[PDB]
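In what follows, a structure is listed as structure tokens, so that the remarks can point back to it.
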Amino acid sequence: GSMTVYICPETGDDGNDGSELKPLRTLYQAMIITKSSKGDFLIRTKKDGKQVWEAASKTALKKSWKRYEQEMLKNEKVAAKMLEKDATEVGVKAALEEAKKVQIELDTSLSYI
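The letter at position 91 of the sequence shown is residue 89 when you use PDB author numbering, and the numbering goes up by one with no holes.
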């Protein structure tokens, strides 16, 4: 479990799925999709000229979640898009029964005749 959300304020977008390929542009949305808050959130930073993923800090996380409170606690009409992909499993078996005959020999001799 624990969905890692990737944030690129630079080249991603707040409306994405928050993957490494589709990074979010806000840490706030990372918290929305997962609602894990203290989960693993990685934000791309450019360190020594290279873009790397750095783990979000509790300070930045709470800074993002503080706003989550504001909109979600009061519950305004902004629509917090999470969306699940799919978890639908199908299955059906065919019902049938065996049908055989049996021989039943009876005397039918009549003991009282």
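Using N, Cα and C, we set each Cβ at its ideal position, and we do this for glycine too.
Take the Cβ of residue i as the centre, count every other Cβ of all protein chains shown within 10 Å, and call the residue buried at 16 or more, exposed below.
| i | result |
| --- | --- |
| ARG42 | buried |
| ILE31 | buried |
| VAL76 | exposed |
| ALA28 | buried |
| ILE102 | exposed |
| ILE111 | exposed |
First and last residue of the alpha helix (DSSP H) that includes residue i?
| i | result |
| --- | --- |
| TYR26 | 25 to 32 |
| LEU59 | 56 to 66 |
At what residues does the beta strand (DSSP E) containing residue i begin and finish?
| i | result |
| --- | --- |
| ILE111 | No beta strand (DSSP E) contains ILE111, which DSSP labels as neither H nor E. |
| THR43 | 39 to 45 |
| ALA53 | 48 to 53 |
| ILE5 | 3 to 5 |
How about residue i and residue j: are their beta carbons less than 8 Å apart?
| i | j | result |
| --- | --- | --- |
| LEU22 | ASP11 | yes |
| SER0 | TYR26 | no |
Between residue i and residue j, what straight-line distance do the alpha-carbon atoms span, to the nearest angstrom?
| i | j | result |
| --- | --- | --- |
| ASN14 | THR2 | 13 Å |
| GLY37 | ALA85 | 22 Å |
| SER17 | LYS45 | 20 Å |
| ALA78 | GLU95 | 52 Å |
| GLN49 | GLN68 | 31 Å |
| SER109 | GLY89 | 59 Å |
| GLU74 | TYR4 | 26 Å |
Rounded C-beta distance between residue i and residue j? I'm assuming under 8 Å.
| i | j | result |
| --- | --- | --- |
| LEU40 | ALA53 | 6 Å |
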